[PDB]
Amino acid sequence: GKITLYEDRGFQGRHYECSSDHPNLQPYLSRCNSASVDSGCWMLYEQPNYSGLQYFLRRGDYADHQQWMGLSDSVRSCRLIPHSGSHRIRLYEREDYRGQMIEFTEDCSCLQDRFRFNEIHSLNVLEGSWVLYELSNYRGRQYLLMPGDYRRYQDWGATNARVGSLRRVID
């Protein structure tokens, strides 16, 4: 994978090139207002060491931070998400994998149209990486999910159990 981050809009300003995870961009970029993804699925993080607001980027060109749904021009770490050959996620009504349960292998622009709950209280990522979104149509806060058990919403770094849409990390 390969991404180029720019301090300014329209691929202008001081830039830096990443080919792997960087936990600390601070010495290199003071801000980030545009990015070009040559290859790979990337998660950008507001704070260093893969914390704070998260943003999913794919192959493509982002001329301003609003095109990756960025609330600000703050990018201080970035993650190259591993390839997954396949994708499967179970979502549960209640914590500790209890209550109603639905299993997705494909993207969902509106969870409430298939699973009539505004909140997901646990989920099991059986295959591949996913991005959860707070709102429908891939909007609101983003949360990267690696294969794993997630017994409560805190386990995927959210401050609430609200979930409106989710998408496979695929290029």
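Sequential numbering from 1, following the sequence displayed.
As the entry records it, the average C-alpha temperature factor is higher for 115-123, out of 50-58 and 115-123.
Mean C-alpha B-factor is higher over 133-141 than over the other stretch, the pair under comparison being 133-141 and 35-43. For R76, the recorded CA temperature factor ranks within the lowest third of the chain's modelled residues. Looking at the C-alpha B-factors along this chain, the one for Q67 belongs to the highest third. Annotation for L5: C-alpha temperature factor in the lowest third relative to the rest of the modelled chain, per the entry.
In the deposited entry, the Cα temperature factor of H22 places it in the lowest third of its chain's modelled residues. When all modelled residues of the chain are sorted by CA temperature factor, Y153 is found within the highest third.
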